Every structure is written in C-alpha cells, then in structure tokens.
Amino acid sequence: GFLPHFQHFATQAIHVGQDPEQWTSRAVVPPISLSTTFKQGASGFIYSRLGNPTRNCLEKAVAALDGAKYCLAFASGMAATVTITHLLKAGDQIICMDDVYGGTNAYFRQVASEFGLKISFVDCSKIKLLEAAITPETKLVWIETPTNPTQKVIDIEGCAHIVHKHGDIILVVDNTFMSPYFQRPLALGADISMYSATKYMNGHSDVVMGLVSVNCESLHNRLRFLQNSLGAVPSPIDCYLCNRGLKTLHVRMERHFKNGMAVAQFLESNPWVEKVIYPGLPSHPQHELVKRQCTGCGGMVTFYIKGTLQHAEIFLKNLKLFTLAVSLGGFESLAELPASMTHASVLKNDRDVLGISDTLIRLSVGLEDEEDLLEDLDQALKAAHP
C-alpha cells in the first residue's frame, strides 16, 4: 500500500501553462520564443534571462506537478544547487547528506567552503546524528532520498520536523531519483523540491536542466532574484524540450516502475548477486518508509555483484542492451560502475563508509521490453560468473 497516486497529475502535466489563450494564434502547443528582448512602452516581458514565455510555461507546469506555488528553471541541476547556496552568506553552515551526487558533494567541499560557508556531511537517515550536527548557524540542510547511488531513504516529514525546530533553516530535497509523480517533498514539509531535470523530468537524454519548486513567498522572491542575478538560466528551446518530455512523465514513470521492479526481483533471486537495493523491494531497509512516503518507485536499481571488480567489469562489458554510460532516467537502459565513473570524484575513505565498493553496480532501467532487459542481465551475469 503505497501513497495513493496524486490527483490530476496527468491532466496538469499536459495542460498547466499550455493554455492556448496566451497566444494570438491559440496554438495548442506553446511556441518556442527565442527572442532575447521585447518591445515596450507603446504583456510583461523585458529580457529573456529575467523571464520569457517558454520558460515561464514550463515553470508553471513543474510547480503544479510538485504541488508548489512557484518553480524556477536553471541551466542544470548543478546550477540549481549553486543558486540555492547563494541564498546564504559568509559564516552560515550547511548540513549535507553523506551520500549525494558526486558534483553536489564536490561543489560543497571544494567551492562553497572557500567563501565562508562551513559544510558538514552527516548521515541524515539516522535520526539525531542530524540534530547533533545542527547549530544556531545552520541555514541549509541538503538531503537526497533515495541517495545516489546506495539509495538510502530519509524520512522527509521527520527530517523536516527535526530541521524546522531550530529557527530559519531551509530543508532541500533533491527529488531527482523519484520525480514528483512518485514523491512530493513539499507535501512532506520540505522547503524546496529540487530536480536535475536532466534525468527523469525531461526523460529523453537530450536536455541538461535543473528545477527548483518552492512554496514560501520570501524564499521564492530571493530565489527569483538570484535566477536573474546569477544568470544560470536554460535555453527556451531546452525549456520547450523539457516541457515536451513532461507530457509523458506519468506513463514513463509507471513503465520505469514496472520494469525496475521486474529487474530488481530478478537480480535478488539470482545466484550471482550478493545484494539488491531497490525501494520497491521488501528487502530494502526502508521499504515501509517508502510506501508511506511515495506512490511508487523509479527505475534506479542498485546491486552488489558477487566476486571482485574483475567480475563487475566483465558483466558491464557483456551487456548488449544496457548501455555502459553515465547519467540516468531516460527511456534507454543505462549501466554504470560508480567506483570508476559517477562517484570517482569522491575519495575512497568516503567510498568505504557509504558503501560504494568496487562491486556496486548502478542500473538505470529503461522503457525497453522487460523480456529483453532480463535476458541481457541474465546473459551478462553468466559471462561474468561462468
């Protein structure tokens, strides 16, 4: 019994921001407005970076999908993370989940720390290791559930409760892995629902984009100021392409759910898999939390292969359908070894504590036929452990 699916999601995803009354042509699809400037002083558009129709339409839609009042689009998820951090000042403290996306973790420790920001990496899954790390100078808590790539799950409503009792602290949930179709962090008390739209949101492996949804007025005004002032904004063509991808987010995420579950169950009953981590599986440590907190699950399946890296690498090389590549969340199935690839930027003593061993494989389960996905995992595991 997961959370019941969010009402009107498919309808809002297809229609919010797409009202044909906005355009003199009454086009059913909003036009791509490339114009950098607009004629004045003879609607309310001045300069593309400060706001432009195609981006605004996508922002109105993504907000609705999050159940938020406002949304801001960015040139990437990374740029969305950097813009949020600019909400602070020198002397403030940032608490970050210990297992996050490599670049998020790389940004905080190598860049944000150089500008008077203190950053502490804390296992926020564990209840009051978090409150032990909170001080009166904490201003931002950055959690990511499920985590990348070990997919630890955080009680958002509980973690929000811990966070909001210490004055003004912004809780951010990086919702990249689940999409708002499966999880609505703002409904669970978080202050900011943030996405790398590069993944599931656009869903078509052809747009680098970030998204930031928010309810609080002042938080929005400050974020909105920073969107114009820092200029890390997306192309209107990319905004159009992402809005296009959104129109199928509901049917894609449900197919990701069905294929991901099938893959996860196959891996768990397989004689050559040590362990499977999938929030939809009962064997997941927080599976009951997931069902209370989500309406389903994406196609991110993480597992440990038996043996050493020699077997992990023969497995990847023998895949004929999964593509050995970085990134996730598209229609095509991707496989990757985080020790060498996506989390190679995190140093190894932090790899051993989070669990990113050399046998940890991350799968992005795509929209191909479940038959073909299992058979290629079958054949490729038999070649690795023959």
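A residue's number is simply how far along the shown sequence it sits, counting from 1.
- Count the deposited residues lacking coordinates between residue 42 and residue 43 and you get 4 to 9 of them.
- Mean CA B-factor, 277 to 285 versus 171 to 179: the higher value falls on 277 to 285.
- Higher mean CA temperature factor, per the PDB entry, when comparing 23 to 31 with 334 to 342: 334 to 342.
- Looking only at 313, 191, 254, 238, the residue with the top Cα B factor in the deposited structure is 313.
- Residue-level inspection of the entry shows that, of 308, 295, 221, 227, 308 has the top Cα B-factor.
- Residue-level temperature factors show residue 72 in the lowest third of its chain, judged at the C-alpha atom.
- Per-chain ranking of the deposited C-alpha B factor places residue 234 in the lowest third.
- Among all modelled residues in this chain, the alpha-carbon of residue 320 has a temperature factor (C-alpha) in the middle third.
- When the modelled residues of the chain are ordered by C-alpha B-factor, residue 195 sits in the lowest third.
- Ranked by Cα temperature factor within the chain, residue 359 sits in the highest third according to the deposited record.
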